[PDB]
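Novice: Can you read through this structure? Questions will come right after.
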Amino acid sequence: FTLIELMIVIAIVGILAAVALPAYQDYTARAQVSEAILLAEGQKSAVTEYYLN
Amino acid sequence: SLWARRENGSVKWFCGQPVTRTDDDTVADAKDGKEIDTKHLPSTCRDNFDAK
């Protein structure tokens with residue numbers, strides 16, 4: 001008879017999270033890799049010097 | 001440590017981890033545990049006690 005505004009809007013936020021799930025999940029991974037890269041670098045110094053010397 | 005060696009008429013200098021002099025032409029590792037770690041030493045100061 002009535003109450004569908006609460007039911008649909010709770011189910012659009014539910015599906016909104018499912019659509020926002022893979023975006024945050026590669027943005028996220030892509031973020032965790034960007035650090036492996038920062039940890040890898042800054043060690044270029046040692047390696048560069050060792051090689052040139 | 002920096003130590004030298006008789007070249008005969010002149011001397012040559014070395015640079016590296018702590019050393020002790022034995023005789024006028026021989027030194028040895030001042031092995032004791034307080035030497036600056038190889039990683040902190042320049043490429044120009046990697047000399048060994050028996051470098052010639």
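Ligands are numbered from 1 in the order shown, chains are lettered A, B, ... in the order of the structure tokens, and residues start at 1 in each chain.
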So which bits of chain B end up strand (DSSP E) when you DSSP the backbone, as a list in words?
Specialist: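 Listing strand (DSSP E) positions across chain B yields residues 2, 3, 4, 5, 6, 11, 12, 13, 14, 15, 19, 20, 21, 22, 23, 26, 27, 28 and 29 of chain B.
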Novice: Enumerate as a VMD selection string the residues belonging to chain A that approach chain B to within 10 Å, with only C-alpha atoms taken into account.
Specialist: chain A and resid 46 49 to 53
Novice: For those residues, write N, CA and C atoms to a file as an mmCIF file, in the first residue's frame.
Specialist:
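Final output, result_12.cif:
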```cif
data_model
loop_
_atom_site.group_PDB
_atom_site.id
_atom_site.type_symbol
_atom_site.label_atom_id
_atom_site.label_comp_id
_atom_site.auth_asym_id
_atom_site.auth_seq_id
_atom_site.Cartn_x
_atom_site.Cartn_y
_atom_site.Cartn_z
ATOM 1 N N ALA A 46 72.138 3.540 -2.792
ATOM 2 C CA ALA A 46 73.159 2.586 -2.409
ATOM 3 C C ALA A 46 73.663 1.833 -3.641
ATOM 4 N N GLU A 49 75.658 4.092 -6.198
ATOM 5 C CA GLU A 49 76.979 4.386 -5.711
ATOM 6 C C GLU A 49 77.847 3.132 -5.802
ATOM 7 N N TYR A 50 77.368 2.013 -5.255
ATOM 8 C CA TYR A 50 78.178 0.796 -5.320
ATOM 9 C C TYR A 50 78.664 0.514 -6.737
ATOM 10 N N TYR A 51 77.772 0.614 -7.718
ATOM 11 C CA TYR A 51 78.154 0.371 -9.108
ATOM 12 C C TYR A 51 79.190 1.375 -9.662
ATOM 13 N N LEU A 52 78.911 2.669 -9.523
ATOM 14 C CA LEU A 52 79.831 3.696 -10.007
ATOM 15 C C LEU A 52 81.194 3.658 -9.314
ATOM 16 N N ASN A 53 81.212 3.332 -8.025
ATOM 17 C CA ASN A 53 82.482 3.274 -7.314
ATOM 18 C C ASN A 53 83.287 2.015 -7.652
#
```
Novice: Mind the document's chain letters and residue numbers, and return as JSON, numbers by chain the residues of chain B that DSSP labels helix (DSSP H, G or I).
Specialist: {"B": [38, 39, 40, 43, 44, 45]}
Novice: As an exercise, work out the distance from CA of residue 29 in chain B to CA of residue 3 in chain B in Å and give it to one decimal place.
Specialist: 11.6 Å
Novice: So what do you get for CA of residue 40 in chain A versus CA of residue 45 in chain B, distance-wise?
Specialist: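 Straight-line distance from CA of residue 40 in chain A to CA of residue 45 in chain B works out to 27.1 Å.
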Novice: Could you tell me how far CA of residue 21 in chain A sits from CA of residue 33 in chain A, in Å to one decimal place?
Specialist: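 Spanning CA of residue 33 in chain A to CA of residue 21 in chain A is a straight-line distance of 18.3 Å.
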Novice: Need to verify the contact set: residue 51 in chain B, 12 Å, only C-alpha atoms, exclusion of same-chain residues closer than 5 positions in sequence. Can you return it as number ranges by chain?
Specialist: B: 2-5, 12-17, 19, 25-29, 45-46
Novice: Those residues you just picked out, can you put them in a file as a short mmCIF file (atom, residue, chain, number, x, y, z; two decimals), in the first residue's frame with N, CA and C atoms?
Specialist:
```cif
data_model
loop_
_atom_site.label_atom_id
_atom_site.label_comp_id
_atom_site.auth_asym_id
_atom_site.auth_seq_id
_atom_site.Cartn_x
_atom_site.Cartn_y
_atom_site.Cartn_z
N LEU B 2 94.15 5.39 8.67
CA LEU B 2 94.90 5.77 7.50
C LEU B 2 96.29 5.35 7.90
N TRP B 3 96.97 4.61 7.03
CA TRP B 3 98.31 4.18 7.34
C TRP B 3 99.06 4.22 6.06
N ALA B 4 100.37 4.23 6.13
CA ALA B 4 101.15 4.30 4.92
C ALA B 4 102.15 3.18 4.82
N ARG B 5 102.84 3.15 3.70
CA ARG B 5 103.82 2.13 3.46
C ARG B 5 105.02 2.73 2.76
N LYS B 12 103.11 5.47 0.26
CA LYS B 12 101.77 5.46 -0.31
C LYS B 12 100.77 5.28 0.84
N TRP B 13 99.67 6.02 0.79
CA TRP B 13 98.67 5.93 1.84
C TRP B 13 97.45 5.06 1.55
N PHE B 14 96.93 4.48 2.61
CA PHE B 14 95.77 3.61 2.51
C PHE B 14 94.72 4.17 3.45
N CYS B 15 93.47 3.78 3.21
CA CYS B 15 92.35 4.25 4.02
C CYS B 15 91.38 3.09 4.18
N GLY B 16 91.00 2.79 5.41
CA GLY B 16 90.08 1.69 5.63
C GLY B 16 89.66 1.52 7.07
N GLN B 17 89.32 0.28 7.43
CA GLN B 17 88.89 -0.03 8.79
C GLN B 17 90.11 -0.11 9.69
N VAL B 19 93.36 -0.22 11.98
CA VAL B 19 94.48 -1.13 11.88
C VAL B 19 95.55 -0.77 12.92
N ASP B 25 106.76 -1.70 8.32
CA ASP B 25 106.16 -1.90 7.02
C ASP B 25 105.03 -2.93 7.06
N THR B 26 104.36 -3.02 8.20
CA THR B 26 103.28 -3.96 8.35
C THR B 26 102.32 -3.57 9.47
N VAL B 27 101.03 -3.60 9.15
CA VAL B 27 99.97 -3.28 10.09
C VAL B 27 98.99 -4.45 10.07
N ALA B 28 98.00 -4.45 10.95
CA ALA B 28 97.02 -5.53 10.98
C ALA B 28 95.70 -5.04 11.54
N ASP B 29 94.63 -5.74 11.20
CA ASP B 29 93.30 -5.38 11.64
C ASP B 29 93.25 -5.18 13.13
N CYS B 45 87.91 4.21 0.40
CA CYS B 45 88.44 3.85 1.71
C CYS B 45 88.03 2.44 2.08
N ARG B 46 88.25 1.52 1.14
CA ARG B 46 87.93 0.11 1.33
C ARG B 46 89.20 -0.69 1.46
#
```
Novice: Residues at most 10 Å from residue 36 in chain B, counting only C-alpha atoms, excluding those fewer than 2 positions away in the same chain, as a VMD selection string?
Specialist: chain B and resid 1 16 to 18 33 to 34 38 to 41
